[PDB]
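Comments concern the structure below.
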There are 2 protein chains.
Amino acid sequence: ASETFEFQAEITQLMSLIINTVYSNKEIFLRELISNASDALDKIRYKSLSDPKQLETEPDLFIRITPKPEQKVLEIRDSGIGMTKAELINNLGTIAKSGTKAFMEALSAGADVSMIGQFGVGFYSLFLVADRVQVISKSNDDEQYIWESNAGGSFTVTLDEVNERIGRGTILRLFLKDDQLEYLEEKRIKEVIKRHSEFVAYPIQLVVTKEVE
Amino acid sequence: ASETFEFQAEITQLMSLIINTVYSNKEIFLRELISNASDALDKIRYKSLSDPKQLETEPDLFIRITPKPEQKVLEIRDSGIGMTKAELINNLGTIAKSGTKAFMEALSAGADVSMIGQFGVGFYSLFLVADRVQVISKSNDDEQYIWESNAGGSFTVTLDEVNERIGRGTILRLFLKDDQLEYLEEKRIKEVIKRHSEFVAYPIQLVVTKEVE
Ligand SMILES: COC1=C2C[C@@H](C)C[C@H](OC)[C@H](O)[C@H](C)/C=C(\C)[C@@H](OC(N)=O)[C@@H](OC)/C=C\C=C(/C)C(=O)NC(=C(c3ccco3)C1=O)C2=O
Ligand SMILES: COC1=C2C[C@@H](C)C[C@H](OC)[C@H](O)[C@H](C)/C=C(\C)[C@@H](OC(N)=O)[C@@H](OC)/C=C\C=C(/C)C(=O)NC(=C(c3ccco3)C1=O)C2=O
Ligand code: NI
Ligand code: NI
Ligand code: NI
Ligand code: NI
Ligand code: NI
Ligand code: NI
C-alpha cells in the first residue's frame with residue numbers, strides 16, 4: 001500500500017550532482033545497468049549451483065531492453081537474482097553506501113563520470129538520462145515490489161499489484177528526460193551496447209515494435 | 001479474488017467442436033481476432049465523438065501482436081473500448097449467444113469454419129490454435145479483469161492484480177497448442193495478416209525480440 005523512505009544525505013547529493021549535469025558521455029548509463037544486470041545474473045547462476053530449484057521460477061537467463069517510445073520510457077530487464085522489499089530499502093538509498101562520498105570527491109578532482117561503476121554507485125548514472133526511475137523487482141524470497149524515485153530526497157516502496165509478473169529479476173523503468181529520447185532508437189541502442197558492452201555472458205535482447213505494412 | 005461461471009450449454013458445445021478439430025485453415029483465428037480488435041477500436045473512436053475524454057486513458061489507437069515464444073504464448077492487444085467485469089461475464093459465455101446454434105447447424109451442413117465470423121462467434125475460433133486463453137481487459141468504466149478459459153464447462157473472472165496495466169482495451173493471451181507454434185514466427189504472422197487482414201483502419205504492430213550481436 002506504499003511506504004516513503006528518506007535518502008541517506010550523501011546519496012541525495014550524488015543524485016543531484018548527476019541529474020543536474022551537462023556531460024557528453026551520458027551513454028554510459030547503459031553500460032552501467034547492463035553491468036548490474038550481468039552481476040545479478042551471475043549471482044543467481046552461482047546461487048543455483050548449490051540450489052538448482054532457484055532457477056525454476058524463470059529458467060532463462062537473459063537481459064532484455066524494451067524502448068517504449070509512446071511513454072518516453074526505456075526498460076532494462078534482467079532475469080537475475082532480484083531484490084526483496086528489505087533489499088530495495090537498504091541497498092538503494094537508506095543505508096550509507098560504500099563509495100558515494102569517495103566518488104563525489106573524485107568528481108571534484110576532475111574524474112570522468114565514466115568511473116561511477118568502479119565506485120559501486122553505477123546504478124545512479126541512470127539519472128544522467130532520466131528524471132524518474134522505477135526499479136521493479138522479484139526475488140525468489142519475497143513478492144514483487146516497485147521502488148520509485150524522481151531524484152528528490154525520498155523514494156517510495158510499494159507492493160506491486162500493477163505490473164506484469166516478473167518470474168524472477170528486475171526491470172529498470174527509465175522515464176527519459178526530453179533531451180534524451182535518442183535512447184529509444186533501435187540503432188542508438190545497438191551502437192552503445194556493441195561499443196561499450198562487448199563482453200557480456202548473457203544474451204542481450206532488444207524488443208522492437210514494427211508496424212506490419 | 002476470482003469467481004467461477006458456467007458456460008451456456010451451446011457455447012460449451014461450440015468450443016468442443018472447435019478445439020477438437022482437424023482443419024487446415026486454422027490461420028483464420030487471426031483474421032477473427034484482428035476483426036474483433038478493429039470493431040473494438042471503431043466503438044471507442046465512435047464513442048469518443050460525443051465524449052472526447054474517453055480517449056484520455058490511452059490516446060493511441062492500435063492493434064499489437066506480441067509472440068512470447070518462451071511461454072508458448074501469443075498475445076493480440078488492442079487499445080479499443082475494453083470490457084467490464086459484467087460484460088466479460090455476460091458476453092463471453094453465460095448468456096445465450098446470437099448464432100452459436102445456427103453456426104453449429106451450418107457446420108453440420110458442410111459450412112467452412114471460415115464463416116464463424118459472420119455468425120458473431122468468431123471469438124471462439126481462437127480454440128483452433130489454443131488450449132487456454134486469457135482475455136484481459138480494461139474498460140474506462142471498471143477495473144482491469146482477467147477472463148480465463150481452457151475450453152471446459154466453466155470460466156473464471158478475476159480482478160487483475162497481476163498483469164501490466166492496459167490503459168484501456170484488451171489483450172487476448174493465447175496459450176498455443178504444441179502443434180500450433182508456427183504462430184510465434186514473425187514471417188508466419190506477417191503472411192496471415194497481409195493475405196487475410198488487408199483492410200484494417202488501425203496500425204497493426206508486431207513486437208519482435210532480437211538478440212543484439
Ligand atoms: C556487491 O554488490 C553490488 C552492489 C551492492 C548491492 C546493491 C548489491 C545488491 O544487494 C541486494 C544485489 O546483490 C543486486 C544483484 C544488485 C544489482 C547489481 C542491481 O540490480 C539488478 N538486479 O539489476 C542494482 O540495481 C539495478 C542494485 C544496486 C546497485 C548499485 C548501488 C550499484 O551501483 N552497484 C553495485 C554492484 C555493481 C555490480 C556491477 C556494477 O556495480 C554490486 O555488485 C552495488 O551497489
Ligand atoms: C455486436 O458486437 C459484437 C459482438 C457482441 C458483443 C460480445 C460485443 C462486446 O460487448 C461488450 C463488445 O462491444 C466488444 C467490442 C467485443 C469484441 C468484439 C471483442 O473484444 C475486443 N475488445 O477485442 C471480443 O473479444 C475479443 C468479444 C466477444 C465477441 C464475440 C463473441 C464475437 O465473436 N463477435 C462479436 C462481434 C464481432 C466483431 C467483429 C467480428 O465479430 C461484435 O461486433 C460479438 O460477439
Ligand atoms: Ni502518443
Ligand atoms: Ni519527463
Ligand atoms: Ni560511444
Ligand atoms: Ni525456455
Ligand atoms: Ni499447452
Ligand atoms: Ni492463407
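FYI the Cβ positions are ideal-geometry reconstructions off the backbone, even for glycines, and counts take in every protein chain you see. Read-outs: derived from the displayed coordinates by stated rules, not from any lab.
Could you say whether any residue in the stretch B:14-29 is among the aromatic types (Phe, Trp, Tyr), without any contact (Cβ under 8 Å) to a residue 40 or more places away in the chain and assigned to a helix (DSSP H, G or I)?
From the stretch B:14-29, those among the aromatic types (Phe, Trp, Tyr) are B:23, B:29; that's our starting set.
Narrowing the set further to residues that are without any contact (Cβ under 8 Å) to a residue 40 or more places away in the chain leaves none.
There is no residue in the stretch B:14-29 that is among the aromatic types (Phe, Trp, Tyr), without any contact (Cβ under 8 Å) to a residue 40 or more places away in the chain and assigned to a helix (DSSP H, G or I).
Out of the residues in the stretch A:164-188 that are out of contact with any strand residue (DSSP E or B) (no Cβ under 6 Å at 6 or more places or on another chain) and of a type outside the set (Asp, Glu), state the one that is nearest to the other protein chains (Cβ to nearest Cβ).
So, considering only residues that are out of contact with any strand residue (DSSP E or B) (no Cβ under 6 Å at 6 or more places or on another chain) and of a type outside the set (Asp, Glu), the one nearest to the other protein chains (Cβ to nearest Cβ) is A:165.
(1) surrounded by 13 or more Cβ atoms within 10 Å (Cβ to Cβ); (2) within 14 Å of chain A (Cβ to nearest Cβ): which one isn't true of residue B:69, the others all being true?
The one condition residue B:69 does not meet is (1).
Let me spell it out: the conditions are (1) farther than 24 Å from residue A:80 by Cα; (2) more than 16 Å from ligand 4 (Cβ to nearest atom); (3) hydrophobic (A, V, I, L, M, F, W, C), and residue A:37 meets all of them except one. Which number is the exception?
(1)
Suppose we filter B:209, B:170 for residues that are under 26 Å from residue A:75 (Cα atoms), in a strand (DSSP E or B), of a type in the set (S, T, N, Q) and within 16 Å of ligand 2 (Cβ to nearest atom); which single one remains? Can you show your working first?
Numbers: B:209 fails: within 16 Å of ligand 2 (Cβ to nearest atom).
Only one candidate qualifies: B:170.
So residue B:138 fits all but one of (1) within 14 Å of chain A (Cβ to nearest Cβ); (2) closer than 22 Å to residue B:6 by Cα; (3) within 12 Å of ligand 2 (Cβ to nearest atom); what number is the exception?
(2)
Is at least one residue of the stretch B:103-118 under 25 Å from residue B:143 (Cβ atoms), more than 14 Å from chain A (Cβ to nearest Cβ) and more than 16 Å from ligand 1 (Cβ to nearest atom)?
Taking the stretch B:103-118 as the starting set, the residues that turn out to be under 25 Å from residue B:143 (Cβ atoms) are none.
No - not one qualifying residue is present in the stretch B:103-118.
For the stretch B:147-156, indicate whether the set of residues that are outside any strand (DSSP E or B) and within 14 Å of chain A (Cβ to nearest Cβ) is non-empty. Even if it seems obvious, please write down each step before you answer.
Taking the stretch B:147-156 first, the residues outside any strand (DSSP E or B) are B:150-153.
After this cut, where a residue has to be within 14 Å of chain A (Cβ to nearest Cβ) as well, the list is none.
Within the stretch B:147-156 (the criterion being outside any strand (DSSP E or B) and within 14 Å of chain A (Cβ to nearest Cβ)), the answer is no, since none of the residues qualifies.
Quick check on residue A:41: is it assigned to a loop (DSSP other than H, G, I, E, B), away from ligand 3 (no atom under 16 Å from the Cβ) and either within 23 Å of residue A:194 (Cβ to Cβ) or not polar (S, T, N, Q) (or both)? Steps first, please.
On the way: assigned to a loop (DSSP other than H, G, I, E, B): no; away from ligand 3 (no atom under 16 Å from the Cβ): yes; either within 23 Å of residue A:194 (Cβ to Cβ) or not polar (S, T, N, Q) (or both): yes.
When the stated conditions are applied, residue A:41 does not pass them.
For the stretch A:189-213, which residues satisfy the criterion of being more than 7 Å from chain B (Cβ to nearest Cβ) and either in contact with a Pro (Cβ under 9 Å, 6 or more places away or on another chain) or polar (S, T, N, Q) (or both)?
Answer for the stretch A:189-213, where residues must be more than 7 Å from chain B (Cβ to nearest Cβ) and either in contact with a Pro (Cβ under 9 Å, 6 or more places away or on another chain) or polar (S, T, N, Q) (or both): A:189, A:197, A:213.
Out of everything in the stretch A:184-199 that is crowded, with 16+ Cβ neighbours inside 10 Å and in contact with a helix residue (DSSP H, G or I) (Cβ under 6 Å, 6 or more places away or on another chain), what residue ends up being farthest from residue A:171 (Cα to Cα)?
Only one residue tops the list, namely A:196.
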